[PDB]
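Some notes on the structure that comes next.
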2 protein chains.
Amino acid sequence: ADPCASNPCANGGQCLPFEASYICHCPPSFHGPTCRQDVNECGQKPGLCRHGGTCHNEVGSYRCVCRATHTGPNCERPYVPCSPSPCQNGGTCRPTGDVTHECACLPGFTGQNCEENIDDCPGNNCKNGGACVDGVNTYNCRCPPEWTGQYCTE
Amino acid sequence: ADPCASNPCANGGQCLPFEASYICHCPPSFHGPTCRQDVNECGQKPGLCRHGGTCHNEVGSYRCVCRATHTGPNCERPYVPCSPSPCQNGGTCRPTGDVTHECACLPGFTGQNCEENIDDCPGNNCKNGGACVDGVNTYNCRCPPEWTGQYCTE
Ligand SMILES: [Ca+2]
Ligand SMILES: [Ca+2]
Ligand SMILES: [Ca+2]
Ligand SMILES: [Ca+2]
């Protein structure tokens with residue numbers, strides 16, 4: 001005799017026997033007789049997304065879409081443009097406003113945040129089937145098993 | 001026979017014997033026969049203060065006065081307003097521009113960067129010679145040796 005055998009309480013609801021049937025104790029994220037109805041966290045917890053952010057309800061959670069002036073999962077912290085720095089590949093971040101920034105890239109990279117590595121391979125001198133490998137404003141030839149050299153010619 | 005006995009080479013210049021006299025080997029910061037003339041680092045090293053900063057020569061060193069857009073001893077890093085945060089006493093920094101900020105103080109503090117602790121002592125109820133001690137939007141009475149209590153009345 002185990003009415004819970006069937007696993008009726010979903011999404012983490014505890015199942016307990018109750019009279020002829022069972023009974024679900026639901027989690028904070030769901031509700032209903034089986035814990036299969038999503039809780040709208042935005043409506044039950046107003047101001048969940050602080051500092052003017054928009055709350056979007058999800059199934060089993062929610063997400064906050066912050067104003068440009070704030071960040072975090074609930075917009076709790078102000079947005080400081082160059083911390084954490086967005087500029088990848090050792091570029092230099094410079095603030096340009098309250099919510100804006102600008103990246104000064106090292107030679108060899110481009111993009112808004114130094115994200116893309118310029119393809120240095122066109123015009124390479126890798127010979128005898130050696131493959132060209134893009135680098136820090138340069139290239140390297142990966143030679144096949146019967147060649148050595150900077151260009152696979154030795 | 002020790003011509004250097006007199007300690008003639010100043011500001012860290014090494015003294016060595018040379019002919020009848022001595023001779024000074026000067027440090028980078030000074031020059032002259034005794035290392036007593038200051039070196040003007042600004043003029044001998046141009047661009048010492050990076051990103052448009054002004055170099056002011058000092059005796060035995062120099063100092064850089066940066067543009068608002070940069071910081072460091074030589075203006076090498078850009079200025080990021082809320083990192084390191086200026087707001088003292090657990091206040092919240094909010095950027096308001098490229099080089100400007102604003103602090104949201106916790107209750108009990110005021111000033112541009114939450115620096116001053118509001119004097120909560122006027123109107124205190126510290127009795128029997130007990131001194132008032134300002135606090136986190138509150139006060140405490142430091143009682144004399146024959147009194148106890150929140151107000152020194154027990
Ligand atoms: Ca939800
Ligand atoms: Ca490259
Ligand atoms: Ca100097
Ligand atoms: Ca106070």
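Chain labels follow the order of the structure tokens: the first chain is A, the next B, and so on; residue numbering restarts at 1 in every chain, and ligands are counted from 1 in their shown order.
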
Residue 145 of chain A surroundings by only C-alpha atoms, 12 Å radius, close-in-sequence under 4 positions cut, as a list in words: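 That gives residues 128, 129, 130, 149, 152 and 154 of chain A.
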
Generate a file of the selected residues that holds C-alpha atoms, formatted as a compact mmCIF listing (two decimals), in the first residue's frame.
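Saved result, result38.txt, follows:
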# COMPACT_ATOMS: atom_id res chain seq x y z
CA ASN A 128 54.06 20.86 -48.50
CA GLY A 129 50.57 20.40 -47.02
CA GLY A 130 51.30 22.11 -43.73
CA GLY A 149 60.79 24.35 -40.76
CA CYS A 152 57.55 23.14 -43.87
CA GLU A 154 63.28 21.47 -44.38

What do you get as a list in words if you pick all residues at most 10 Å from ligand 1, counting only C-alpha atoms and all ligand atoms?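 The residues within 10 Å of ligand 1, counting only C-alpha atoms and all ligand atoms, are residues 28, 29, 30, 37, 38, 39, 40, 41, 42, 43, 56, 57, 58, 59, 60, 61, 62 and 63 of chain A.
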
Restricting it to C-alpha atoms, dump the selection as a PDB file, in the first residue's frame.
ATOM      1  CA  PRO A  28       7.809  27.732  -4.169  1.00  0.00           C
ATOM      2  CA  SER A  29       8.163  27.594  -8.004  1.00  0.00           C
ATOM      3  CA  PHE A  30       4.990  25.503  -8.684  1.00  0.00           C
ATOM      4  CA  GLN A  37       1.059  24.701 -12.585  1.00  0.00           C
ATOM      5  CA  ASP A  38       3.819  27.346 -12.712  1.00  0.00           C
ATOM      6  CA  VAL A  39       3.862  30.075  -9.975  1.00  0.00           C
ATOM      7  CA  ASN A  40       4.180  33.566 -11.378  1.00  0.00           C
ATOM      8  CA  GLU A  41       6.939  34.896  -9.203  1.00  0.00           C
ATOM      9  CA  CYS A  42       6.621  38.386 -10.695  1.00  0.00           C
ATOM     10  CA  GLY A  43       3.033  38.875  -9.530  1.00  0.00           C
ATOM     11  CA  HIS A  56       9.535  37.862 -17.118  1.00  0.00           C
ATOM     12  CA  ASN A  57       7.984  34.727 -15.596  1.00  0.00           C
ATOM     13  CA  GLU A  58       9.436  31.364 -16.664  1.00  0.00           C
ATOM     14  CA  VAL A  59       8.346  27.744 -16.006  1.00  0.00           C
ATOM     15  CA  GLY A  60       9.996  26.897 -12.685  1.00  0.00           C
ATOM     16  CA  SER A  61      11.765  30.262 -12.275  1.00  0.00           C
ATOM     17  CA  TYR A  62      11.712  33.861 -13.633  1.00  0.00           C
ATOM     18  CA  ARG A  63      14.257  36.240 -15.243  1.00  0.00           C
TER      19      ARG A  63
END

For chain A, report every residue with an atom at most 7 Å from chain B (counting only C-alpha atoms), formatted as a count of residues only. 8

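Atom pair atom CA of residue 103 of chain B / atom CA of residue 116 of chain B: separated by 12.7 Å.
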
Write as a list in words the residues around ligand 2, taking 10 Å as the cut-off and counting only C-alpha atoms and all ligand atoms.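 Sorted by chain and then by number, the residues are residues 107, 108, 109, 110, 116, 117, 118, 119, 120, 121, 133, 134, 135, 136, 137, 138 and 139 of chain A.
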
I'd like to know which residues of segment 30-72 of chain B are alpha helix (DSSP H) (by DSSP, run on the backbone); could you write them as a ChimeraX atom specification? /B:41-44

Length of the atom CA of residue 74 of chain B to atom CA of residue 49 of chain B vector [Å]: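 Interatomic distance, atom CA of residue 74 of chain B to atom CA of residue 49 of chain B: 4.6 Å.
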
Quick one: everything within 8 Å of residue 51 of chain B, counting only C-alpha atoms, minus sequence neighbours fewer than 6 positions away in the same chain. Send it as a PyMOL selection string. chain B and resi 66-67+70+75-76

Distance query residue 36 of chain A at most 8 Å, only C-alpha atoms, self and fewer than 2 positions along chain excluded, as a ChimeraX atom specification: /A:9-11,30-34,38

Residues from the last selection, N, CA, C and O atoms, saved as a compact mmCIF listing (two decimals), in the first residue's frame:
# COMPACT_ATOMS: atom_id res chain seq x y z
N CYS A 9 3.42 13.87 -7.71
CA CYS A 9 3.81 15.25 -7.44
C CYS A 9 5.06 15.60 -8.27
O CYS A 9 6.16 15.10 -7.98
N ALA A 10 4.90 16.49 -9.25
CA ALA A 10 5.97 16.88 -10.14
C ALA A 10 6.82 18.00 -9.59
O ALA A 10 6.63 18.44 -8.48
N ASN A 11 7.81 18.40 -10.38
CA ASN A 11 8.73 19.50 -10.16
C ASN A 11 9.22 19.67 -8.74
O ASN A 11 9.48 20.81 -8.32
N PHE A 30 6.21 26.08 -8.08
CA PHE A 30 4.99 25.50 -8.68
C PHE A 30 3.84 25.38 -7.71
O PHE A 30 4.01 25.58 -6.52
N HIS A 31 2.65 25.11 -8.23
CA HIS A 31 1.44 24.94 -7.43
C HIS A 31 0.48 23.99 -8.12
O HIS A 31 0.74 23.53 -9.24
N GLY A 32 -0.58 23.66 -7.43
CA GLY A 32 -1.62 22.80 -7.98
C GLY A 32 -1.67 21.44 -7.35
O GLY A 32 -0.79 21.09 -6.57
N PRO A 33 -2.66 20.60 -7.71
CA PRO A 33 -2.74 19.28 -7.11
C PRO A 33 -1.59 18.36 -7.37
O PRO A 33 -1.39 17.46 -6.59
N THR A 34 -0.84 18.58 -8.43
CA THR A 34 0.34 17.79 -8.79
C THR A 34 1.62 18.64 -8.88
O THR A 34 2.65 18.13 -9.26
N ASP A 38 2.73 26.42 -13.04
CA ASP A 38 3.82 27.35 -12.71
C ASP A 38 3.31 28.52 -11.86
O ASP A 38 2.22 29.03 -12.10
